[PDB]
Amino acid sequence: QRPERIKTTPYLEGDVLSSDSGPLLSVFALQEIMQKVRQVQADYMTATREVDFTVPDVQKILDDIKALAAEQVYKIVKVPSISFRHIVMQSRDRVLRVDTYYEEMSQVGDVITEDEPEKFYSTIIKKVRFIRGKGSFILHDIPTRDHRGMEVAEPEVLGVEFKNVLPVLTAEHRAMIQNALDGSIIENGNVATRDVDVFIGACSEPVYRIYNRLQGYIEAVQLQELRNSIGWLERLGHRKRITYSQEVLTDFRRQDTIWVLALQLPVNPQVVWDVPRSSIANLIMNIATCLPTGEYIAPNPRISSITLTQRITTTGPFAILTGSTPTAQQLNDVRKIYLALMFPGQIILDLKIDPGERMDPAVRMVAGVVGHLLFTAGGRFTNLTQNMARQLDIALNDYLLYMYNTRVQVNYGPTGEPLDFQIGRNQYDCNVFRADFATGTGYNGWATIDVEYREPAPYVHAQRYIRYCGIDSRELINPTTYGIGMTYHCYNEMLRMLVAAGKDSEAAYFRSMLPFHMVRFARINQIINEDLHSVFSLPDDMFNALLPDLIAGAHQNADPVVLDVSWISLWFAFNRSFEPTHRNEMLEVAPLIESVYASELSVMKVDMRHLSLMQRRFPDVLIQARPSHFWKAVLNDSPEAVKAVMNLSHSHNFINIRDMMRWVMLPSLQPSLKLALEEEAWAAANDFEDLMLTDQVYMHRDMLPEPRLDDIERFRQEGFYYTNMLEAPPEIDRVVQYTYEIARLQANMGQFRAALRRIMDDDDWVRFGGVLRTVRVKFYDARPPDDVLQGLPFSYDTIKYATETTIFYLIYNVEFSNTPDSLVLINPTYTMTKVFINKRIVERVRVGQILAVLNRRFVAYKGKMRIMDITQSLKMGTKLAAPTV
Amino acid sequence: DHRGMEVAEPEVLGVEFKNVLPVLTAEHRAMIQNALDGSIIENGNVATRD
């Protein structure tokens, strides 16, 4: 199926040894990281917090991100909420209404206390998700009816309930209200093919604000935004070289279907790379969605042995090493070496000194040669530590001086460093094979440009093309040189030195394995810049600073993972190839999985951005608060799939207070449907009076009003009642201002009860402002008990400054046989608590304006329309008919 | 935690006054709590470590 795997000559055709895959190396790499930190913490006296190291199921995590793409933040409903109610009384033709949105806003979270700061943040988040979850509907297929030629709507789709008003209302206003119910007509409803329903209604302004943003979203987010997203998915498949079917996408929209698109496919890749200490978590997600399943191909066995007649056979110099097998421990070390070659800067190797294992001394000296022509310590990236590259130069110094043939001459240098001599008859200077991390004089990348830039990438953050040993992946399609001149500089100097030291039988081996060597790096290049190109890859501003922060030893936030290999694992990784067979299963669903993950991080950042300012707005509430409280609060009201990706390296326990504060200040947001529906919900809560929380609560000595009634019907008609709710707050003069620091000291000095009563006797007003309070609304007919009547704004335990207050309405119900002095007593009953709210909540308005609240232009869809989501169709394997210019 | 800055708990200090707090007067008990809230924790730097 591919032009590069057509194996004509039987050179590259060899035996299959083992296999590997994407979803297997992802769980293997996290095991080898967490086993190392659980090993050094068991051998030494370590003193830290107990952090459990469990290896999470990666395949369950990637499935749960995919199930989140099928979520629907909107909902389909036929009728809106109730949104208004009326309470009847003794009066006819005069009632009082109740906006029942604030009744629903009363019992949302818990009571705000001045000692639990984490419970304050969860009370806020529970309110805003209640606003967004309620005001996000479509209102499809409302019921209507007919009246005298015009189309009037059924009264159930109006947001007023008045069914208790009719059996007490007079027969004159029954017809005066019936013209209004037949006045809620359908606008331009007497034309067919309308395809929509327009009517007027009543709903509260904090929820109607969400209804405008969702309805305005579908007007602007349509086919052209699907046109950009599919056109971007063509360019990623244009690079990754996937095959297409003969089926293209046509932009034919039906006349009865409405498209809703919740995501955007060009992902801002900075959003993933601001998550604190997520450098290892981005690596494991890169393996699971991009590595293809391959087989380790052993080289052709006729390279060593050439059989002449029957019993005459040429034998190799490493006859003992080629006929060995890797044990099950060492095979897990070959899978580390190819895991460190595919991810160039991010994974670095070491040596793993082990006293239990006893090897031949010759396998170390042979594997000092193989390390010098397989790895890379050049001027751009490194595959191996400053210590691992030091024990290879000593292993080369010992191999070049243990001469089992006739000794060649050697002239040492003035220092004592390894490889400081001039071996050979013609005195090849062996000084150039010591590791020099600024130029890479020994390993690959000596005279090679192994990082090049040639085209703008689909993911804008990773533009580089890794080219191991200066070889393109197009030297398997159209080769440049012959089958003998396939040589590069870092290998060729190793051969002409190994001949000079008399080891020209081993040099015959490494020369005859040159084209097998170059083909392997020509397939690693076809995995790095062709398959492992995701948003989870490393950006260029972190890749370029990996090596120059390794030499200086400075601190870095993209610190590499150090893994351990063995000595013989250097040899067994030489004679393998990893030629991939099948690409990864979830490669096509990959960028939709990245899109949901980047979008859910965007809505988490906004929920911490607004909560971080509450201390600078109400400092008297949050005394014992810290930035880890809203970090703990909004992570509870978040999907567990996105939380499981952020804790892939158990970094939830290793974050200090100035790292989570750095994430909430980094500007990078991925716009989607939910963020366009969340930021509108936060805009409706920037006053807190729509959250039933206020600071303007007063205390003022005032008697319960005893209406000295003389006419029974006039007292019955006018609708007499009493509430503690002010219509307007008192003046700035004549009042006394208290706060938390003043009122707390007066309780400890014993002057809180005394100095407050002197204000109550001089007929003044005291404000307890500074903190917030939970406010409820109650209704009573007879005399309410003491807590409501004298209910103090504070309490005792030494005081509770933020006690829950209440709003009570006392409807005076009178009968015929009551004395005018019956409700007049000798000694009055005072009330103290008086709260102002600045909201139209409970207003006593006559029945001429009972349905004057119909001022909301609702827009509804007809029942023939269809509402379908198209977010699940943003796969990479799709192609569209009309290409994007 | 207190007012957005960090303070130390009273047992982290090297004194034990738990037997004198029941006898001590309520006027000075609120003043010894305010005196206890003055031991702020400065951030330091020991070989480039927090």
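For this deposited structure, the header cites cryo-EM as the method used and 3.6 Å as the resolution.

What follows concerns the overall build of chain A. Counting secondary structure elements, chain A contains 29 helices and 28 strands. Taken over the C-alpha atoms alone, chain A extends approximately 135 × 80 × 40 Å along its principal axes. Summing over all exposed atoms, chain A offers an accessible surface of approximately 43,000 Å²; the carbon and sulfur share of this is 51%. Mean positive and mean negative side-chain charge positions of chain A (95 and 107 charges, respectively) differ by 2 Å.

Another point: the sheet that holds strand β19 (residues 735-737) of chain A. Residues and elements named next belong to chain A. Taken in spatial order, the four strands of this open sheet run β19-β20-β17-β25, and their pairing is mixed. Only two strands of the sheet have a single partner each, and these edge strands are β19 and β25 (830-835). Pairwise comparison of adjacent strand axes, ignoring direction, gives a mean angle of 25° for this sheet. Across three bridges, β19 lies against strand β20 (residues 765-767) in parallel orientation. Bridged to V735 within β20 is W765.

Within helix α27 (residues 740-748) of chain A the residues assigned to the buried category are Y740(A), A743(A), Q746(A) and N748(A). Buried residues along α27(A) sit in contact with α28 (752-761) and β23 (799-800) of chain A together with α1 (26-36) of chain B. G750(A) sits one or two positions beyond α27(A) and adopts a positive phi of about 75°.

Residue and element names in this part refer to chain A. As summarised here, the arrangement of the three strands in space is β2-β3-β26, forming an open sheet in which the pairing is antiparallel. In the strand order of this sheet, the two ends are held by β2 (85-87) and β26 (842-846), each with one partner. Across the sheet, the mean angle from the axis of one strand to that of its neighbour is 40°, orientation sign disregarded. Here β2 pairs with strand β3 (residues 94-98) via three bridges, running antiparallel. Considered in β3, the bridge of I87 is made with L96.

All names here are of chain A. Applying the stated criterion to the full structure yields 38 aromatic pairs over all chains. Where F120 meets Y121, the ring centres are 5.8 Å apart and the plane angle is 55°; that geometry is what we call tilted. For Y121, a relative accessible area of 2% puts it in the buried group. Three or more aromatic residues joined by ring pairs make a cluster, and in this case those are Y740, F752, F768, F794, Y796 and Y801. When the ring centre of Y404 is taken as reference, the NZ or CZ atom of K503 above it lies at 5.7 Å.

Looking now at a negative patch on the surface. A cluster of like negative charges, contributed by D1(B), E6(B), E9(B) and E11(B), occupies part of the molecular surface. Mapped onto the elements of the fold, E11(B) is located in the segment before α1.

Here we come to the packing of helix α1 (residues 22-37) of chain A against helix α11 (residues 331-342) of chain A. Axis angle and axis distance: for two packed helices, these are the angle between their axes and the distance between the axes, and together they describe the pair. All names here are of chain A. For the pair α1 and α11, the least separation of the axes is 11 Å and the interaxial angle reads 100°. With respect to α11, the axis of α1 lies roughly perpendicular. Counted together, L24, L25, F28, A29 and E32 of α1 and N332, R335, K336 and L339 of α11 form the full contact between these two elements. Taken together, the residues of the contact of α1 with α11 break down into five nonpolar, one polar and three charged.

Our focus in this paragraph is a nonpolar patch on the surface. Taken together, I306(A), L308(A) and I312(A) make up a surface patch of nonpolar side chains, about 270 Å² in accessible area. Relative to the helices and strands, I312(A) is located in the loop between β8 (293-297) and α10 (319-322).

Turning next to the interface of chain A and chain B. Taken together, the ten residues of chain A in the interface contact eight residues of chain B. For the pair chain A and chain B, the two sides together bury roughly 810 Å², of which 44% comes from carbon and sulfur. For chain A, the biggest contributors to the area lost against chain B are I623(A), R658(A) and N748(A); these three give 47% of the whole. Counting across the interface, chain A meets chain B through two salt bridges. One salt bridge connects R3(B) with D620(A), and the closest N-O pair in it is separated by 3.8 Å.

On to the packing of helix α5 (residues 117-134) of chain A against helix α25 (residues 673-683) of chain A. All names here are of chain A. For the pair α5 and α25, interaxial distance at closest approach is 9 Å and the crossing angle is 115°. For α5 against α25, the interelement crossing comes out right-handed. Contacts between α5 and α25 involve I124, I125, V128, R129 and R132 from the first element and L677, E678, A681 and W682 from the second. Considered class by class, the residues forming the contact of α5 with α25 number six nonpolar, no polar and three charged.

Residue and element names in this part refer to chain A. Of note, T831 is situated in strand β25. Side chain to side chain, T831 and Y722 meet in a polar contact 3.3 Å long. The contact partners of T831, leaving out residues within four places of it in the chain, are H700, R701, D702, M703, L704, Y722, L789 and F808.

For the rest of this paragraph, the subject is the pairing of strand β17 (residues 697-703) of chain A. Where β17(A) lies against β25(A), five bridges are found, and the strand directions are antiparallel. The residue bridging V697(A) from the neighbouring strand is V835(A), located in β25(A).

So, about the environment of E116(A). All names here are of chain A. As for its placement among the helices and strands, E116 is situated in the loop between α4 (100-104) and α5. In this structure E116 comes out as partly exposed when scored by relative accessible area, which is 42%. In this structure, the C-alpha to C-alpha distance between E116 and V621, residues 505 residues apart in sequence, is 9.5 Å.

Attention now goes to the pattern of salt bridges. Residue and element names in this part refer to chain A. Inspection of the entire model under this criterion finds 40 salt bridges over all chains. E4 is the salt-bridge partner of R241, the closest N and O atoms lying 3.4 Å from each other. Here the residue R241 occupies a position in the loop between α8 (223-240) and β7 (257-260), and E4 occupies one in the segment before β1 (16-20), the gap between them amounting to 237 residues. Relative accessible area serves as the criterion here: at 35%, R241 is assigned to the partly exposed category.

Conventions we followed
Residues numbered from 1 in each chain as written, not as in the entry; some residues may be left out. Chains lettered and ligands numbered in written order. Part of a larger assembly, values for the part shown. Heavy atoms only, no water. Helix = DSSP H or I, 4+ residues; strand = E, 2+ residues; numbered from the N terminus. Areas by Shrake-Rupley, 256 points an atom, 1.4 Å probe, with all protein chains shown as cover. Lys, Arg positive; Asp, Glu negative; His and termini not counted. Charge placed at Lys NZ, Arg CZ, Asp CG, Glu CD. Pairing = 2+ DSSP bridges. Axes fitted to C-alpha atoms, helices over the stretch in contact; angles between N-to-C directions. Buried < 20%, exposed > 50% of the residue type's maximum accessible area, 1.4 Å probe, protein only. Contact = heavy atoms within 4.5 Å. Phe/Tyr/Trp six-rings, centres within 6.5 Å; stacked < 30°, edge-to-face > 60°. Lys NZ or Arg CZ within 6 Å of the ring centre and 35° of its normal. Patch = residues over 30% accessible without salt bridge, like charges linked within 9 Å, V, L, I, M, F, W, Y side chains within 5 Å. Salt bridge = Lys/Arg side-chain N within 4 Å of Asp/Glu carboxyl O. Parallel < 35°, antiparallel > 145°, perpendicular 65-115°, else oblique. Nonpolar A, V, L, I, M, F, W, Y, C, P; charged D, E, K, R; others polar. Buried area = accessible area lost by both parts, 1.4 Å probe. Left-handed = near helix turned anticlockwise from the far one by under 90°. Polar contact = N/O pair within 3.5 Å; in protein donor to acceptor, adjacent residues only side chain to side chain.

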